[PDB]
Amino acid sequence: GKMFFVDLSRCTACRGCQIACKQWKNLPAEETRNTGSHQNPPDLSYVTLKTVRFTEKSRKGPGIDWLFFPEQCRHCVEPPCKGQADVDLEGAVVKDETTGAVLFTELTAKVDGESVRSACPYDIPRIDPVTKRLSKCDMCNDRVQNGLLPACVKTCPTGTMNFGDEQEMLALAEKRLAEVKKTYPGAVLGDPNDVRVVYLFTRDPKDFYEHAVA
């Protein structure tokens, strides 16, 4: 199986990942306005599988602690969205055994949308108000199977985004966590046993976003 290591100690919130996701899948842009934040779109939606969340936290001494959270489906080893869907219909939510990708099919139109979202501990799944299909990040599974990095991983300039076999990605996450802790002592990996998208947070994950960890 595959896995992302996401080193948020290196993120410049350049939002190349946010545009790269939409370009590779030709997704439309949402209607947005500024409501006193750089953050936009303000949330995940049917046509937004990834948005970078911005949170400012006070620190003593000059400047702030600016926390950046490029949010996506965690591609859980044991995904509860699959369990809630399999109630109403099997094949609506499937699991790629080669890559580990959790994949929403067109049969998500059949199942109960709200309940499938409520069961996600990361509040990731999003429903089209018209066609009632569910959408989210799909690990760029097509690109992965043809030997390519997912769009958001290839586009990331800082070394925040990393992708490969769960073995060497876990190994790297541990090796990097140890190194980042020197600068950010409260640095932790997000549910590193349960997910295929392993975030290194520089502090309390909840500070980044309420659903950053389950």
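Note that residue numbering follows the sequence shown and begins at 1.
Asks: According to the deposited model, is the average Cα temperature factor higher in 127-135 or in 92-100?
Replies: Higher mean C-alpha B-factor in the PDB entry: 127-135.
Asks: Return whichever of 179-187 and 148-156 has the greater mean Cα B factor according to the PDB record.
Replies: The stretch with the larger mean CA B-factor is 179-187.
Asks: Quick check for you: using the entry's CA B-factors within this chain, is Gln167 in the lowest, middle or highest third?
Replies: For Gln167, the deposited C-alpha B-factor lands in the highest third.
Asks: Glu71's Cα B-factor: lowest, middle or highest third of the chain?
Replies: Lowest third, going by the recorded CA B-factors of the chain.
Asks: Relative to the other modelled residues in the chain, which third contains the C-alpha temperature factor of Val213: lowest, middle or highest?
Replies: For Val213, the deposited C-alpha B-factor lands in the middle third.
Asks: Among the modelled residues of this chain, does the Cα B factor of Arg59 put it in the lowest, middle or highest third?
Replies: Middle third, going by the recorded CA B-factors of the chain.
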